[PDB]
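Each remark here refers to the structure printed beneath this line.
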DNA sequence: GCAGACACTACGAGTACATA
DNA sequence: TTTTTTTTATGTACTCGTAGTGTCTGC
Ligand SMILES: Nc1ncnc2c1ncn2[C@@H]1O[C@H](COP(=O)(O)OP(=O)(O)OP(O)(O)=S)[C@@H](O)[C@H]1O
Ligand SMILES: Nc1ncnc2c1ncn2[C@@H]1O[C@H](COP(=O)(O)OP(=O)(O)OP(O)(O)=S)[C@@H](O)[C@H]1O
Ligand SMILES: Nc1ncnc2c1ncn2[C@@H]1O[C@H](COP(=O)(O)OP(=O)(O)OP(O)(O)=S)[C@@H](O)[C@H]1O
Ligand SMILES: Nc1ncnc2c1ncn2[C@@H]1O[C@H](COP(=O)(O)OP(=O)(O)O)[C@@H](O)[C@H]1O
Ligand SMILES: [Mg+2]
Ligand SMILES: [Mg+2]
Ligand SMILES: [Mg+2]
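Protein chains in written order, with the authors' numbering: chain C, 16 to 340; chain D, 35 to 363; chain B, 33 to 351; chain E, 2 to 349; chain G, 1 to 261; chain H, 1 to 261.
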């Protein structure tokens with residue numbers, strides 16, 4: 016049947032084989048499940064890489080639908096996870112048996128970086144004393160916000176960013192399930208603008224399919240509003256090759272016609288700077304000035320003056336690069 | 035029969051009345067047709083129409099009788115703590131989707147949670163929205179409205195489909211202002227509407243406010259360019275020429291005199307920074323002088339954004355441009 | 033029955049099975065053999081064997097009377113101000129018949145979580161009933177335990193386990209489990225352990241379950257290299273104003289998925305104990321804090337970290 | 002009553018200066034659909050007088066019947082914070098900066114209960130109420146972010162007139178939602194005309210030289226000019242042209258502080274200047290005005306090639322003072338930087 | 001259209017008072033047989049099975065089957081202002097979100113229509129094994145409420161044992177031990193106060209006192225309680241209402257470990 | 001000089017806490033007919049009239065029309081020090097700025113005297129129009145306090161509808177709508193429960209919950225309460241208290257939504 | 001049958017701190 | 001060889017004092 020769902024939730028890897036990237040980690044967790052030797056897991060990485068979906072597929076593989084409510088205790092940041100919850104419901108779930116069928120239980124603590132340090136210190140002996148009865152899975156995006164005791168007690172798997180070569184078949188599966196007309200440059204634009212994020216890949220795909228009806232490079236870069244790489248090359252050429260007035264006029268006309276934002280222009284110019292064989296002092300000056308301009312855009316500032324400063328940071332270094340020779 | 039200001043009289047009551055935001059309007063019209071609406075993130079400059087677009091979309095999706103049952107609006111004028119997200123948002127997200135439109139129009143099978151001004155929401159309260167958005171996506175949708183997307187955490191950025199609201203172009207803004215002036219039976223010259231769409235800088239709310247205030251000040255006759263220039267707080271060009279003459283003189287006493295005259299005349303320092311930048315990028319100065327003057331202008335604009343004193347920032351900017359103008363002399 | 037993981041399955045049950053800190057563990061063996069153990073506080077890094085040493089000492093001292101003469105309190109318990117007054121003091125007053133040289137042991141594991149008032153109420157019950165009861169404390173941050181409690185106990189400090197000390201226990205686990213291995217795979221396990229026996233056992237069990245063999249490629253396919261081991265040379269390149277190699281290390285850490293907060297935390301951790309000039313270190317730390325305020329404010333991109341690296345390179349060239 | 006309060010104009014037709022702006026403000030509020038107002042300008046220009054004249058144009062004479070209303074507002078920390086509001090039967094005057102950093106609670110709770118209820122009488126009163134928010138530049142950005150949706154949801158039954166000195170401290174979401182009304186300071190001729198009409202209404206004779214000196218010394222502040230003119234008539238009833246004008250104590254204390262700065266450049270003199278700045282800060286003088294007075298006095302003793310660097314240092318340390326929370330650190334940092342620069346200039 | 005009419009208002013008060021600090025939210029499953037409720041607690045340790053028969057209600061009609069998950073803290077506030085001698089009507093439509101509660105005042109003069117917003121939780125059905133038990137004990141509910149309250153003063157976990165002789169309650173605490181052994185109290189004038197042993201095999205298990213004390217707040221529902229115990233299946237506290245249905249309370253045993261010595 | 005003497009200590013101990021969180025000051029106006037009090041809330045919503053006639057006092061002396069203002073922050077804490085069934089008197093000199101009240105200490109042995117400073121506030125009498133209301137109804141006192149408490153758990157604003165059948169209290173919230181309909185309670189033994197309707201014109205107005213909860217804190221003073229509603233006149237909550245006078249409340253209605261077709 | 005006393009839990013209030 | 005005090009905005013955790021209230025004792 017059809018459901019009114021976002022494509023990040025309509026297409027979720029309910030089984031472990033539907034995930035794409037981390038094949039060694041998923042194979043090791045599958046061999047943990049098959050041997051019934053599942054340890055305390057610590058899944059960390061950037062968002063959108065498949066940490067929640069992995070443990071949900073593992074929980075559905077370990078437990079049946081008639082025993083899932085008494086075997087899995089899933090708590091996240093939307094629930095209260097204070098120290099009275101660690102001493103209360105979590106300890107009573109860990110220290111007791113099951114109801115229907117005998118087996119080890121699972122405590123899923125999603126977004127474990129948001130927990131307080133008192134709760135994390137109270138979690139240590141609950142994990143250690145009841146290893147035979149229950150298992151604890153900790154999910155976080157920041158490993159520095161989890162205490163080193165819980166990092167020692169749980170074996171850590173890094174769910175790194177998804178490579179664009181592996182995000183193509185899952186996007187093709189979503190495309191062929193949703194009847195989406197997409198070209199090759201549309202797929203390249205999706206996997207370039209995602210930057211190791213499967214969630215925003217499906218979000219950009221759904222928004223581009225609804226906005227235009229076809230997914231090409233121009234439709235993706237128009238719906239997202241991201242500048243094209245030819246536009247960034249033209250901006251760099253104007254900033255490095257002519258005077259202040261003509262570069263200001265050309266960059267202002269390009270930003271007015273294309274409807275560009277200075278944040279993405281700064282990001283792509285920062286990526287272009289390290290590719291250009293600059294002198295070291297010129298590179299340091301450009302990085303400091305671009306970081307200052309990027310910091311200035313986080314408040315109620317005028318974007319035209321910051322665009323002029325972005326032009327100025329290269330108009331200063333024109334003479335230094337040329338006189339370096 | 036009470037009068038209403040034109041920003042609320044000409045608020046978009048439907049998606050088709052929203053101007054220039056073509057991609058999100060097409061997405062919302064597809065959601066009106068019955069397509070799968072994802073979680074939305076609206077960001078951009080003020081006055082571009084982020085709130086009016088989602089309010090028009092919600093009132094077209096649910097209608098008058100189901101707007102109170104399917105739409106929850108939470109903004110910075112009400113308390114949004116961690117407990118408000120844990121209790122008020124989560125219990126609303128877990129409610130059933132029921133109730134049908136009595137006019138025969140189709141109704142989508144979800145609710146809409148509108149979190150306007152998500153910049154002011156704390157990082158702890160934003161972390162509690164993550165599994166609420168993921169688990170309850172079968173029965174509710176979330177629209178986050180903000181101005182700076184860096185003030186929303188990366189999980190909520192990844193969970194929402196981002197739509198950036200561009201500043202309105204001169205053609206679309208001029209067309210909308212001429213339509214509003216046509217419906218209000220007032221007349222405005224072409225130079226007046228050109229200076230209005232130049233002054234408003236893509237802010238359509240500012241343009242509508244200036245048009246209504248110029249109509250009230252004018253009384254009903256022709257709206258010229260002088261009333262627009264006086265009503266916008268635009269500094270005259272003779273003051274800018276006097277500032278640059280005091281900088282070319284190389285004396286700090288005349289610099290203090292023109293800075294005190296501009297401060298005592300009540301001119302805003304942001305308008306002075308904009309006009310000084312417009313003169314600086316369009317003259318016959320060298321590239322290095324223009325470069326460090328524009329960088330000082332950016333620093334002064336950043337300091338004015340953080341609520342520094344206008345007099346000290348303006349005299350520092352004037353000292354810098356005076357040093358640049360008297361260095362080559 | 034469900035088999036325990038190798039961290040808990042191969043927990044030592046005698047004090048002679050505990051590797052590392054040979055003098056302190058040997059003195060604990062002597063005190064378990066003879067008796068009359070004083071109050072002790074064992075401090076050190078996680079996974080060193082403090083709780084294992086305390087529990088093995090309590091098992092060797094008490095034996096069959098472990099159920100009635102031992103009180104084990106964790107951070108998962110309450111242990112507030114009213115537990116020290118009404119449960120610890122009542123257990124210290126409790127009459128338990130024990131052999132000569134043996135006292136009741138009140139084990140207060142992870143004493144960092146205990147509040148200041150509870151530790152103030154813990155002093156006189158430590159001092160009065162010491163003829164019949166004893167205290168065994170374990171902690172990580174020993175400064176959180178107050179000075180009067182540390183004066184009332186023999187403060188033991190555990191250091192990080194070396195490569196050979198972890199390697200001996202790993203060889204024992206391998207010979208108990210018949211794990212095929214190579215030398216460089218065990219060196220990779222030691223390198224990923226970083227002085228932690230828990231992480232060594234977890235990485236060994238993960239590599240054995242996922243691949244069935246211990247070489248360097250099977251260890252590094254599931255485990256990871258430690259973070260500050262490359263941040264150290266990134267800071268070294270920032271000292272010599274080498275912005276290109278520092279950005280290469282920064283981009284390599286960025287493409288592995290590390291958040292900017294973790295990267296700048298490792299940068300501050302390296303710069304706190306780096307070997308350079310003191311004034312240069314102070315201005316480096318001030319620049320790190322200035323960038324960390326921007327990261328916590330909301331702006332956190334690769335351009336901000338590159339600007340931080342460029343500012344750290346400038347601070348060298350601006351004496 | 003003093004001369005600042007006895008001869009204040011009541012309606013827009015009795016204003017001595019900015020008469021074209023007075024006619025424009027009369028034409029603005031006649032129909033009743035006028036938007037939110039942002040009355041801004043220098044202190045003493047006449048912003049509050051024109052706001053009260055706008056309220057006189059909207060409602061009747063009953064807006065002058067003011068009374069003190071005491072409100073108790075509960076923080077999220079459950080600490081009772083007391084604020085005072087001046088209210089009439091037609092409008093309310095709120096200064097949320099009196100609550101300090103808890104002004105966001107005042108905006109979220111006190112203003113929303115005012116806006117959510119319509120007026121009792123709709124015949125003597127009009128269809129909408131006016132809320133006067135005074136010194137909105139001193140509001141934090143959280144309170145201004147809390148302000149913006151109330152300004153759009155209830156703008157048919159509740160209007161807002163915001164008063165401030167600088168619009169740079171007002172966030173662009175608030176500035177986009179309201180019409181900005183600029184009230185400049187009166188000129189020397191305008192202040193001389195006002196003082197001459199006040200002295201003629203008092204039966205006195207005011208010379209043009211004394212009136213010009215009172216206008217020049219007041220720095221185009223008509224309130225301070227009227228106070229100085231009344232002080233000059235209590236001090237000496239024959240208005241001489243070269244009659245001395247009394248001075249404020251904190252201004253001459255700031256001048257002597259800057260003279261102590263330029264007299265000696267030592268850490269001991271820096272400690273003495275820190276004590277003087279502590280004495281200035283304890284008397285509830287704002288630190289930006291301390292920076293402005295220091296820069297106004299230090300640049301008189303500097304050479305022509307040194308003033309720009311001192312002005313840039315003063316702006317930089319005032320920006321760091323606005324970013325920070327302890328003003329004495331940034332004030333002493335600016336004084337120490339000026340002492341180092343002055344010693345380097347004098348020794349070379 | 002679902003329309004259930006409570007003949008008495010005291011039973012709905014006494015059911016909800018027992019589940020107030022235990023059941024997170026009420027899952028009313030409605031069919032032609034009656035009203036069912038199988039919901040776990042917040043800690044996923046206890047399970048509550050409630051079955052109200054159709055013949056117990058004053059009037060009961062049900063066209064199509066419904067599953068109306070609703071909040072219980074919201075249901076607690078509307079049941080405090082409910083009389084103990086009046087009829088309460090439960091109403092809900094086919095495709096609506098409002099659960100209507102219509103009753104009378106304690107002053108008995110005004111209607112009181114209390115609507116509740118239904119929740120949309122997707123809860124999987126828990127499979128009750130319905131197997132035999134190695135111990136079945138009939139017991140008064142007043143005595144079972146007293147004994148679990150009396151042993152909460154000594155410890156926090158009770159080692160409740162049963163055999164051919166009778167049920168035995170033990171609680172090892174900080175002060176010491178409290179051992180209660182009651183057997184064969186059927187030789188009294190009343191019929192509710194009786195201890196009857198049905199099954200054979202002895203079983204010793206340890207349970208938390210917090211959940212057992214929550215189970216004893218259903219004491220005014222039934223004058224006699226039934227305890228079921230076995231070595232594998234959990235402990236069942238079966239209340240049987242006289243003319244309305246039955247209530248079952250499940251509680252998992254705690255993990256206990258023998259000393260190595 | 002002003003001197004008055006009460007007949008019971010509970011006629012001031014039960015009315016002052018109703019004004020404790022409602023109004024910030026208690027302005028007593030002294031006249032030959034009696035003592036008047038008309039104070040308005042700081043939010044310009046609530047308005048309380050309290051007049052006690054001179055015949056109900058034990059004794060009463062009034063030669064000049066004097067008005068005194070005192071704050072609720074200091075008179076509340078000395079009210080709990082005073083007794084319940086003791087006698088209370090109030091004394092005020094003509095020229096002094098001190099209000100002295102003499103009563104009995106709760107040990108019933110010694111004279112306890114407290115002094116309060118007179119706050120000089122320049123207020124004016126608003127003046128009730130005393131117009132004929134569109135609704136007049138009679139409700140019990142103790143039952144009406146239980147009405148507004150029940151709608152306090154639902155929403156922050158209640159809706160009052162008074163047609164010819166009775167008075168309907170409604171509150172639509174995030175939990176669900178709570179509707180009651182008090183009507184036709186004339187067949188009771190006690191005369192204070194006689195619910196009756198004295199007018200014909202219906203009206204529907206919404207009011208704030210918080211001040212109506214403050215209005216129900218003066219309920220044990222009288223046996224009944226009288227409610228008066230109109231189209232634009234504020235709601236009147238009238239208490240006929242004992243024998244010495246009557247108490248009157250006023251509450252401004254809330255805003256109405258733009259529900260035009 | 002109704003007034004006084006006993007401990008019971010829920011709730012209001014004050015305070016500290018949050019890193020390596 | 002030298003010691004007083006309240007500001008930062010939330011969120012959590014701890015600790016202590018207080019007040020309706022269910023239940024028991026008694027004439
Ligand atoms: N490896 C993957 N393979 C396939 N789809 C994926 C993968 N990772 C993410 N997705 C998609 O993205 C959605 C969200 O994935 P999540 O598991 O929630 O990511 P996540 O790692 O949990 O990120 P955070 O840290 O929780 S915000 C899923 O429902 C899928 O549609
Ligand atoms: N795109 C638009 N089309 C039509 N009218 C618009 C548009 N944008 C703004 N307006 C008008 O200006 C008013 C302000 O629109 P908003 O939706 O509040 O803008 P905004 O994006 O919410 O600004 P911020 O960021 O909240 S301060 C609307 O009520 C309209 O009257
Ligand atoms: N010195 C050691 N010798 C042998 N095994 C050890 C040693 N240290 C740790 N282990 C193993 O690691 C497990 C955990 O050791 P613990 O003593 O519980 O850690 P810990 O020293 O208490 O550190 P924290 O601060 O409590 S995380 C033990 O069960 C052993 O399997
Ligand atoms: N048009 C005018 N004619 C005479 N006096 C004026 C006029 N406008 C302002 N003033 C005087 O100048 C002073 C300015 O103070 P105020 O009106 O509060 O403005 P601001 O709020 O800018 O200080 C007032 O005391 C008032 O008496
Ligand atoms: Mg997740
Ligand atoms: Mg908005
Ligand atoms: Mg330990």
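All C-beta atoms in this analysis are idealised placements derived from N, C-alpha and C, irrespective of residue type, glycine included.
Residue-level contact by beta carbon fails for residue 222/E and chain D, as no gap is shorter than 7 Å. Rounded to the nearest whole angstrom, the C-alpha separation of residue 286/E and residue 259/E is 16 Å. Straight-line spacing of the CA atoms in residue 322/D and residue 330/C works out to 7 Å. Look at the beta carbons and you see the stretch 51-60 of chain B touching the stretch 190-203 of chain B: at least three pairs across the two are nearer than 8 Å. Within 7 Å of the CB of residue 341/D, the CB atoms of chain E belong to 169, 170 and 323, in sequence order along the chain. Under the 7 Å criterion on CB atoms, residue 129/D is classed as interfacial with respect to chain G. Ranking 354/D, 339/D, 363/D and 246/D by CA distance to the CA of residue 36/E puts 246/D first. Residues of chain B with a Cβ closer than 7 Å to the Cβ of residue 310/C are, in chain order, 326 and 331. For residue 198/G, the number of other beta carbons within 10 angstroms of its own is below 16, and it is reported as exposed.
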